[PDB]
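Results of the structural survey
So the chains spell out like this:
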Amino acid sequence: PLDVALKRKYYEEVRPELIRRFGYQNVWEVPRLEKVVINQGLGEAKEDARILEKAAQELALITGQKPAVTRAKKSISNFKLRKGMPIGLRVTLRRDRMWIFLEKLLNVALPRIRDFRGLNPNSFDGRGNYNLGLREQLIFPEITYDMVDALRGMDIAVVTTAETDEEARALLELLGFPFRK
Amino acid sequence: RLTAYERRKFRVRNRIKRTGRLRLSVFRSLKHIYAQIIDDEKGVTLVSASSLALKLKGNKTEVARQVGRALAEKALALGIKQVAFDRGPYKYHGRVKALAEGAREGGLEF
Amino acid sequence: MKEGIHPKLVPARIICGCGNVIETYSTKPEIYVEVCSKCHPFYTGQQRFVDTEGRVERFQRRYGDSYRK
Amino acid sequence: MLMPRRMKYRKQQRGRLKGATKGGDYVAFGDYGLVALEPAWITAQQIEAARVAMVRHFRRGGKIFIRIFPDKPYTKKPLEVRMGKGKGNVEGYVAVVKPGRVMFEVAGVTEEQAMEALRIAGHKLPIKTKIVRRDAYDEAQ
Amino acid sequence: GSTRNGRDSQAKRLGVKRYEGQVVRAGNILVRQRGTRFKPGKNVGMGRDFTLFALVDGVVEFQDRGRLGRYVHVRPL
Amino acid sequence: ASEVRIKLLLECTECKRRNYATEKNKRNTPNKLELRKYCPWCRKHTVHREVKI
RNA sequence: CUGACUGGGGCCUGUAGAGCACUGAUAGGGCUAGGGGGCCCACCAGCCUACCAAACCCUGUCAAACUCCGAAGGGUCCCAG
RNA sequence: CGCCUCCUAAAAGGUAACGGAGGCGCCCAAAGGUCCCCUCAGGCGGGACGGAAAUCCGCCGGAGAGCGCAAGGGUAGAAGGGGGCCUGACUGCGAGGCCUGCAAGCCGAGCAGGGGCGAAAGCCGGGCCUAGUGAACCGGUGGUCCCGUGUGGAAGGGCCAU
RNA sequence: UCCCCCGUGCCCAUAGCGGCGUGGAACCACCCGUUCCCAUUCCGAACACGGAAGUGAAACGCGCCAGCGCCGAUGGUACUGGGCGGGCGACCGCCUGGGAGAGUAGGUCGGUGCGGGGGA
Ligand SMILES: [Mg+2]
Ligand SMILES: [Mg+2]
Ligand SMILES: [Mg+2]
Ligand SMILES: [Mg+2]
Ligand SMILES: [Mg+2]
Ligand SMILES: [Mg+2]
Ligand SMILES: [Mg+2]
Ligand SMILES: [Mg+2]
Ligand SMILES: [Mg+2]
Ligand SMILES: [Mg+2]
Ligand SMILES: [Mg+2]
Ligand SMILES: [Mg+2]
Ligand SMILES: [Mg+2]
Ligand SMILES: [Mg+2]
Ligand SMILES: [Mg+2]
Ligand SMILES: [Mg+2]
Ligand SMILES: [Mg+2]
Ligand SMILES: [Mg+2]
Ligand SMILES: [Mg+2]
Ligand SMILES: [Mg+2]
Ligand SMILES: [Mg+2]
Ligand SMILES: [Mg+2]
Ligand SMILES: [Mg+2]
Ligand SMILES: [Mg+2]
Ligand SMILES: [Mg+2]
Ligand SMILES: [Mg+2]
Ligand SMILES: [Mg+2]
Ligand SMILES: [Mg+2]
Ligand SMILES: [Mg+2]
Ligand SMILES: [Mg+2]
Ligand SMILES: [Mg+2]
Ligand SMILES: [Mg+2]
Ligand SMILES: [Mg+2]
Ligand SMILES: [Mg+2]
Ligand SMILES: [Mg+2]
Ligand SMILES: [Mg+2]
Ligand SMILES: [Mg+2]
Ligand SMILES: [Mg+2]
Ligand SMILES: [Mg+2]
Ligand SMILES: [Mg+2]
Ligand SMILES: [Mg+2]
Ligand SMILES: [Mg+2]
Ligand SMILES: [Mg+2]
Ligand SMILES: [Mg+2]
Ligand SMILES: [Mg+2]
Ligand SMILES: [Mg+2]
Ligand SMILES: [Mg+2]
Ligand SMILES: [Mg+2]
Ligand SMILES: [Mg+2]
Ligand SMILES: [Mg+2]
Ligand SMILES: [Mg+2]
Ligand SMILES: [Mg+2]
Ligand SMILES: [Mg+2]
Ligand SMILES: [Mg+2]
Ligand SMILES: [Mg+2]
Ligand SMILES: [Mg+2]
Ligand SMILES: [Mg+2]
Ligand SMILES: [Mg+2]
Ligand SMILES: [Mg+2]
Ligand SMILES: [Mg+2]
Ligand SMILES: [Mg+2]
Ligand SMILES: [Mg+2]
Ligand SMILES: [Mg+2]
Ligand SMILES: [Mg+2]
Ligand SMILES: [Mg+2]
Ligand SMILES: [Mg+2]
Ligand SMILES: [Mg+2]
Ligand SMILES: [Mg+2]
Ligand SMILES: [Mg+2]
Ligand SMILES: [Mg+2]
Ligand SMILES: [Mg+2]
Ligand SMILES: [Mg+2]
Ligand SMILES: [Mg+2]
Ligand SMILES: [Mg+2]
Ligand SMILES: [Mg+2]
Ligand SMILES: [Mg+2]
Ligand SMILES: [Mg+2]
Ligand SMILES: [Mg+2]
Ligand SMILES: [Mg+2]
Ligand SMILES: [Mg+2]
Ligand SMILES: [Mg+2]
Ligand SMILES: [Mg+2]
Ligand SMILES: [Mg+2]
Ligand SMILES: [Mg+2]
Ligand SMILES: [Mg+2]
Ligand SMILES: [Mg+2]
Ligand SMILES: [Mg+2]
Ligand SMILES: [Mg+2]
Ligand SMILES: [Mg+2]
Ligand SMILES: [Mg+2]
Ligand SMILES: [Mg+2]
Ligand SMILES: [Mg+2]
Ligand SMILES: [Mg+2]
Ligand SMILES: [Mg+2]
Ligand SMILES: [Mg+2]
Ligand SMILES: [Mg+2]
Ligand SMILES: [Mg+2]
Ligand SMILES: [Mg+2]
Ligand SMILES: [Zn+2]
Ligand SMILES: [Zn+2]
């Protein structure tokens, strides 16, 4: 395993502060990150230039991992959707890669968001997971202007072993997720 | 509400029972590996073999193969030759494959 | 991981405009960014960038008191 | 007047009218009741006539509860055709009613008023009826 | 005036053909059915149309295993 | 069977005898069928080819 | 001697009845998306409704092509008269 | 006007009417065999474009989804969804039955030949099932090399397949 | 022969949902790793291998609680095989034998076989 700064920050600073703040009787009861699942709901590729090999590439640069395709469960009219059609990507970051991503997201990406005024305090699950949406992929340090054909966003799920919203807030906030209110 | 494990397990066991053989069932824990040869007509085990019971050693795979041979031995001595391999929820591979090859060398018929 | 489908992750330095340097990993060894957590307004306590006004308007006009009582 | 807003089937075989009411036998909402003494298909028009007469007795006041509903379609061949050539067309809907059923109940009105309304309503029904008032037996069902 | 109806299909003569306790021979059809109303049990085959039949000469036996469904067995003689 | 779903025979490629009749869709499956079949003449499986019925 | 019929025993069944768990129907009430309408507005949200009313819930019902149930009987095989 | 599904049909089977309702006259080279893996609809919550419904995350959710098409039965302990290898959508037969006036229709263990998948147990003689069909006569085509009008051929036929 | 656990069956919810509690010596899990066999339409999540620092947090096992779920009498009734009556009819009754469904009382937070491992 890699020494990656944020990972260590978790074990060194966040771990204990949490045990203080909520008083766990058990090493496993304390909140862990489980997985960060990034999704590009896309379908701007339904027919058109269904070469979103372009996006799979972009995501593979950002996460260091190649996404797998998602396809439509049922045929849908008004979106022009025949069943089986490639409409999305999903890359599931775990372990080291999950940390490396989150590191750069927190350090560099979110800063680079236009008029960024903090993440949303309310985007919390109620079973203690967080989700957040990006509008563009130029946010990440790996993707320059020069290399992009068209602006595309994404959904980020961050999945925690917390049982409650209130605990999961502490974990992500302590790790450094900037919340607006 | 069953799990992929509970299903997988049923699905293979169901096929094996259908053929009516004595079934060589295999349990594989994080540390050990056990083997009952069971008669399902009677709901009974006829011969056992475990890494736990053989106080066997180290490399899990090599160990498996050993319980494998062990099982066959007590088995032929009881007149059992033919039998059906119950890979449980386990891919026939690894420790299980190893156990299987061992009961084979051991002379078990399958 | 599956071979041949995944871009390599190597030690990588992200350099911000504040003059901050981040020791992290990427598919690119050296990256220059225009902003980061160390210098971003929202992050930097509450650095009220350009507009430290206190509104300023509109009671706070005050030119002047010279109308009489 | 009363009829199903929709049905799985347009025509129903006729069936039979043997036995006492299946249920619907005890007063269950208002104070006084009108129970069927003999079996019939009660027509939607007859139900509605019974109702209207009761509100007419009350003028303003009372609550009428209707406890039978015409979901049975009534079929009839056009005039003068001969037998065969398919089943008749639906001409109305009836509510099957076997002896014992509380068809109507009233509440919120004096006794002499509930009595008379149910009497007049009775005269609109093509069967014999008895007026009942709520007992403990009703309350215990 | 006329009818859009008027049709129906032949009866298929479905159902159990040999009841519990009845002596059968290998091949005897035991159950004729749509889908698996009875499942093949001990010494009982199922043909492509769900038809249950005796695999050996013997005696028929029924078995109701609750959520597991009902079963036709043939017990050797 | 239809104009598009046709009947066809399968001919053993070694001894040239037609051994099987079957059907295919010629819009979906325009190439001539090739299937390994048991040839009773040759007493062995043999690649058989679609040949016109 | 195997018969009709009968005794005992096993297995098969979905009707009478009944029920409402499914498919649908359904009166009223409760709760509550959605509309209608009235206050108050176009600065976009409010508020009130004895209006029509989805889903859900309670009370009370309906069904050949409904059934969570479910007989009496019936059928078949074995032994026996 | 034949065929399928439900009801009528009186709890075995069967059961009529110009009785009540619907379907068929196809299809699939995978939508077939086998090995391996996977599990639904829907509800609430969360999430850029993104909406009641596209894709993602969480919880609940036994089956109300799916199963090419009508209906019914069946079915996740898969018949549903994904992948790999494949052609058993076998050839020679066929114990024993279902059904049944006939003729038809249907199910089929097993043995042999030569195969497919599987480590094996084993499965595979098309398809979850029940419609998707047409006797005989006459003729076509491929095969066989059985008959060949004194004889050798040939004509023409038979036989197997279509 | 008794207690705990691990396998595997049988009865097919009186076994389930939920709330609470409890267990790590042993066993089981999670766990530590991903070189190696093997693997992800991406992901060592799964499957798989090699391990033994930790923890019973998750899962599982065992207890407890009747809010839901499930089971459910007795009594009476509906209906009915057979035998009789009545009504012009819709329909209604008697006898003998059978006898529900709803509901009420009540029950249930499983029982049991085989083999292992540990304990007394
Ligand atoms: Mg929230
Ligand atoms: Mg969580
Ligand atoms: Mg950039
Ligand atoms: Mg009639
Ligand atoms: Mg009338
Ligand atoms: Mg009529
Ligand atoms: Mg007529
Ligand atoms: Mg008529
Ligand atoms: Mg009328
Ligand atoms: Mg009535
Ligand atoms: Mg009158
Ligand atoms: Mg009641
Ligand atoms: Mg017509
Ligand atoms: Mg008809
Ligand atoms: Mg018929
Ligand atoms: Mg008929
Ligand atoms: Mg029929
Ligand atoms: Mg039957
Ligand atoms: Mg078969
Ligand atoms: Mg089939
Ligand atoms: Mg028995
Ligand atoms: Mg038996
Ligand atoms: Mg053929
Ligand atoms: Mg005699
Ligand atoms: Mg006899
Ligand atoms: Mg007899
Ligand atoms: Mg008898
Ligand atoms: Mg009835
Ligand atoms: Mg209902
Ligand atoms: Mg109820
Ligand atoms: Mg009725
Ligand atoms: Mg019926
Ligand atoms: Mg019925
Ligand atoms: Mg009898
Ligand atoms: Mg009997
Ligand atoms: Mg006798
Ligand atoms: Mg026809
Ligand atoms: Mg019938
Ligand atoms: Mg019937
Ligand atoms: Mg019948
Ligand atoms: Mg009958
Ligand atoms: Mg018959
Ligand atoms: Mg037609
Ligand atoms: Mg495929
Ligand atoms: Mg298939
Ligand atoms: Mg396949
Ligand atoms: Mg969902
Ligand atoms: Mg949502
Ligand atoms: Mg949005
Ligand atoms: Mg959405
Ligand atoms: Mg369905
Ligand atoms: Mg259709
Ligand atoms: Mg090959
Ligand atoms: Mg025969
Ligand atoms: Mg015949
Ligand atoms: Mg073979
Ligand atoms: Mg063979
Ligand atoms: Mg092989
Ligand atoms: Mg066969
Ligand atoms: Mg199919
Ligand atoms: Mg078919
Ligand atoms: Mg002729
Ligand atoms: Mg002729
Ligand atoms: Mg000819
Ligand atoms: Mg000659
Ligand atoms: Mg010659
Ligand atoms: Mg001559
Ligand atoms: Mg010559
Ligand atoms: Mg000659
Ligand atoms: Mg010549
Ligand atoms: Mg010739
Ligand atoms: Mg010739
Ligand atoms: Mg021929
Ligand atoms: Mg032949
Ligand atoms: Mg156990
Ligand atoms: Mg046990
Ligand atoms: Mg037993
Ligand atoms: Mg504890
Ligand atoms: Mg517990
Ligand atoms: Mg321990
Ligand atoms: Mg300890
Ligand atoms: Mg370790
Ligand atoms: Mg490697
Ligand atoms: Mg090595
Ligand atoms: Mg791992
Ligand atoms: Mg615990
Ligand atoms: Mg487990
Ligand atoms: Mg108690
Ligand atoms: Mg009860
Ligand atoms: Mg009783
Ligand atoms: Mg009686
Ligand atoms: Mg009688
Ligand atoms: Mg009696
Ligand atoms: Mg009953
Ligand atoms: Mg009862
Ligand atoms: Mg319980
Ligand atoms: Mg024991
Ligand atoms: Mg012991
Ligand atoms: Zn900076
Ligand atoms: Zn050949």
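X-ray crystallography is the method the PDB entry lists for this structure, together with a resolution of 2.9000 Å.

1. Brief notes about the sheet that holds strand β3 (residues 30–33) of chain C
Residue and element names in this part refer to chain C. Spatial strand order, β2-β1-β3: three strands in an open sheet with mixed pairing. Lying at the two open borders of the sheet, with one neighbouring strand each, are β2 (21–26) and β3. The sheet shows a mean angle of 30 degrees between the axes of neighbouring strands, taken without regard to direction. As paired strands, strand β1 (residues 10–16) and β3 are joined by four bridges and run parallel to one another. Looking at the pairing, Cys16 lines up with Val33 of β3.

2. Section: the coordination of the zinc ion (ligand 99)
Residue and element names in this part refer to chain C. Within the protein, the zinc ion (ligand 99) binds to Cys16 (SG), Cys18 (SG), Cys36 (SG) and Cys39 (SG); these donor distances fall in the range 2.3 to 2.4 Å. Each donor residue of the zinc ion (ligand 99) belongs to the same chain, and together they define the spacing C-x1-C-x17-C-x2-C. With a gap of 21 residues between them, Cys18 in the loop between β1 and β2 and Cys39 in the segment after β3 connect regions that are remote in the sequence.

3. Describing the protein's contact with RNA strand I
Lining the immediate environment of RNA strand I, one finds 61 residues, of which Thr92 and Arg94 of chain A together with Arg23, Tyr34 and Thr61 of chain B sit closest. In RNA strand I, atoms within 4 Å of the protein come 76% from sugar and phosphate. Here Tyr34 of chain B contributes a side-chain N or O atom positioned 2.3 Å from a phosphate oxygen of RNA strand I. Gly43 of chain B places a main-chain nitrogen or oxygen 2.8 Å from a base nitrogen of RNA strand I. For the surface near RNA strand I, the class distribution of residues is 19 nonpolar, 19 polar and 23 charged.

4. Notes on the protein's contact with RNA strand G
Around RNA strand G, a shell composed of 30 residues is seen, among which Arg6, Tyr26, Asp71 and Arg101 of chain D together with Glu20 of chain E lie nearest. Backbone atoms, meaning sugar and phosphate, make up 73% of the atoms of RNA strand G lying within 4 Å of the protein. A distance of 3.0 Å is found between a phosphate oxygen of RNA strand G and a backbone nitrogen or oxygen belonging to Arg5 of chain D. One of the backbone N or O atoms of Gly24 of chain D is found 2.8 Å from a phosphate oxygen in RNA strand G. Considering only residue class, the surface near RNA strand G consists of eleven nonpolar, five polar and 14 charged.

Thresholds applied
- Residues numbered from 1 in each chain as written, not as in the entry; some residues may be left out.
- Chains lettered and ligands numbered in written order.
- Part of a larger assembly, values for the part shown.
- Heavy atoms only, no water.
- Residues with missing side-chain atoms left out of burial classes, pairs and counts.
- Pairing = 2+ DSSP bridges.
- Helix = DSSP H or I, 4+ residues; strand = E, 2+ residues; numbered from the N terminus.
- Axes fitted to C-alpha atoms, helices over the stretch in contact; angles between N-to-C directions.
- Donors = N, O, S within 2.8 Å, 3.2 Å for Na, K, Ca; no water.
- Near = heavy atom within 4 Å.
- Polar contact = N/O pair within 3.5 Å; in protein donor to acceptor, adjacent residues only side chain to side chain.
- Nonpolar A, V, L, I, M, F, W, Y, C, P; charged D, E, K, R; others polar.

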